[PDB]
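Counting starts at 1 for both ligands and their atoms, following the listed order. Throughout, numbering of the chain's residues begins at 1 and tracks the sequence.
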Amino acid sequence: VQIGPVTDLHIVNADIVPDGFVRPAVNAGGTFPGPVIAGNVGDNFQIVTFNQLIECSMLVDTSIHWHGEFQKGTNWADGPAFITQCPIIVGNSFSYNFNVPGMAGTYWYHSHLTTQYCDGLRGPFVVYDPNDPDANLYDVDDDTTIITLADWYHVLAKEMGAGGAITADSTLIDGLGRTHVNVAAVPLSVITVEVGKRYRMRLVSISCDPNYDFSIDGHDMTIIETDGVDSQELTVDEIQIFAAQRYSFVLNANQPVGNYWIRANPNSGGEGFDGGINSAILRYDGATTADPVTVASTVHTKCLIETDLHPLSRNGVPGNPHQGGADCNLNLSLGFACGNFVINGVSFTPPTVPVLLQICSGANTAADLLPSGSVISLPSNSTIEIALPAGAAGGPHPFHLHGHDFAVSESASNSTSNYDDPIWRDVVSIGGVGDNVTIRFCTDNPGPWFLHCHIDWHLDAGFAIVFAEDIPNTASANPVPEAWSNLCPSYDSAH
Ligand SMILES: [Cu+2]
Ligand SMILES: [Cu+2]
Ligand SMILES: [Cu+2]
Ligand SMILES: [Cu+2]
């Protein structure tokens, strides 16, 4: 279902059984995944989030992030708990009121408090471009062509331990799928196509953890969008999609009428497709209603390599064409030890006062801000470079920056930098030991912006820092509604 751009969104508890196993959940909009929130580029979004949570097992507080939305001038509406706001308490509501100028494409929204989004609060967010340069490449782009991939757990997030290797109990495609262990024959999702039509498939990772090897038996996929960024056409037969990444791909339904397996193999949890785990069904109108009997190609011959992607627009790369050819170039030490992750030797633990409130209250520099050593200040209108050399315990880590997208100057498993025409995106795999994934952006958005691994269990384990961008201009750029100012007093009073 699609709602927005002006909408209510109730946050409720519900037991659900997507793989046949009932357990508690925290749901946005009553459903799993949440309803698609949609608008057109430049629209004003006004999302009234009513917190009606009762089940403490998964926390009754909440806070919602709009993933890949820049939130310029509205840092207060970003969502990360104790970064830009205190959580909303049960019984209250809060209006996320923001614009999306300049942005179109496929996004998502999730709880940004603790590991709550694992427990169900996740859904797609699409900004339609009425002048999409890609439009002519397909016949169908609508709610039926959104494909979410979700890891699902039989153990409540709050009880995961942590960390501590944690693994999912099934893979859900459009909210249905089968349990990895003692697989029960429960309903699979169907994606219906018509012979000869081309589809804009919007592939959304709403994963708390695993990355997926995504493929469709017998069919090609032509990538045209990555994390909101129109790309030149790239035809692949497999897509490794990491947590919180998005791709639009054109599917040309050019195979014989029939049933074809859709496959999403996670990097942990159940391996293979026995009993139809890691599966959904691509069904042609006119096919018998039966499970597919198709097989994957023994070797995928054109799998997505990220260095093959290039922006549709002439984005280029900011700054100078050599490592550290930036106004402010950074290299972070990313570590894991004794169950916790560190950035520059500091594991992230959420502050009592949100970083935004700290700045609004009078803080002027990173040194003034809590948590100590968990904030790096950035000057305005400056080319930033961030190298994120991998090696920390598993891995591969999908790093994500709030309030910005970025040029991927260096990709996973390839030590050749691209300062000419690399894809821009908002979440990127930093690959493996010896890799040196590197990103560049320009500081044109004052506010405290989260940078973290998007494996939620790793975020909770402290793999995060805040870029406090243009601290002196942060209050003037981001005026707050009284409801925002009411959040922390209500929250602290209740706790
Ligand atoms: Cu996110
Ligand atoms: Cu985000
Ligand atoms: Cu990680
Ligand atoms: Cu985040």
Side-chain angles (χ1 to χ4, degrees), residues 28 33-34 37 63-72 74-75 77-81 83-85 96 98 100 103 105-118 121-125 148-151 162-166 204-211 227-228 241-246 267-268 332 334-337 339-343 347-348 388-406 412 425-433 435 437 441 445 447-467:
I37 299 164
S63 188
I64 300 172
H65 179 52
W66 321 98
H67 176 114
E69 260 44 72
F70 299 158
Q71 299 290 168
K72 174 161 161 153
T74 56
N75 182 265
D78 200 45
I83 304 320
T84 67
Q85 75 165 272
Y96 292 92
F98 64 84
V100 302
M103 280 200 279
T106 315
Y107 307 87
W108 67 298
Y109 65 93
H110 54 85
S111 179
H112 213 307
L113 163 63
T114 185
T115 47
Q116 197 176 63
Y117 93 75
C118 313
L121 204 178
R122 22 185 170 151
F125 198 114
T148 54
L149 306 181
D151 54 335
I166 290 162
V204 190
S205 183
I206 61 160
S207 181
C208 265
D209 179 355
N211 70 51
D227 300 5
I241 180 168
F242 294 91
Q245 294 179 341
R246 290 85 60 215
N267 67 308
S268 58
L332 313 183
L334 311 180
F336 177 87
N340 277 245
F341 287 86
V342 294
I343 301 187
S347 199
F348 188 89
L388 302 158
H397 295 285
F399 264 77
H400 168 63
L401 181 55
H402 288 218
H404 284 279
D405 60 13
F406 45 67
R425 72 183 314 145
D426 59 51
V427 183
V428 57
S429 179
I430 73 177
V433 184
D435 285 351
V437 165
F441 59 99
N445 198 9
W449 299 120
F450 225 5
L451 181 74
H452 55 89
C453 181
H454 216 299
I455 292 158
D456 220 24
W457 318 112
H458 297 171
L459 169 49
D460 225 56
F463 217 4
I465 36 83
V466 183
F467 286 143

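Between the Cu ion (ligand 3) and the N, O or S atoms of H397, the shortest distance is to ND1. Checked against the Cu ion (ligand 3), the N, O or S atom of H458 at the shortest distance is ND1.
Excluding waters, the protein N/O/S atoms found under 2.8 Å from the Cu ion (ligand 1) are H67 ND1, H110 NE2, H454 NE2.
Less than 6.0 angstrom separates the ring centroid of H402 from the ring centroid of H452. If you look at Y117 and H454, their ring centroids are closer than 6.0 Å.
Across every non-hydrogen atom of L334 and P389, the tightest pair is CD1-O, 4.0 Å.
At a cut-off of 3.5 Å, with distance as the only test, no side-chain donor of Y96 or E69 sits close to an acceptor on the other residue.
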Would you list the atom pairs, donor with acceptor, under 3.5 Å between side chains in residues 459-466 and any protein atom, with sequence neighbours excluded?
residue: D460; atom: OD1; partner: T114; partner atom: OG1; Å: 3.4

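Residues satisfying the disulfide (SG to SG under 2.5 Å) criterion with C453, sequence neighbours excluded, are absent altogether. For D426, the side chain to side chain donor-acceptor pair (under 3.5 Å) criterion is met by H67, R246, not counting sequence neighbours.
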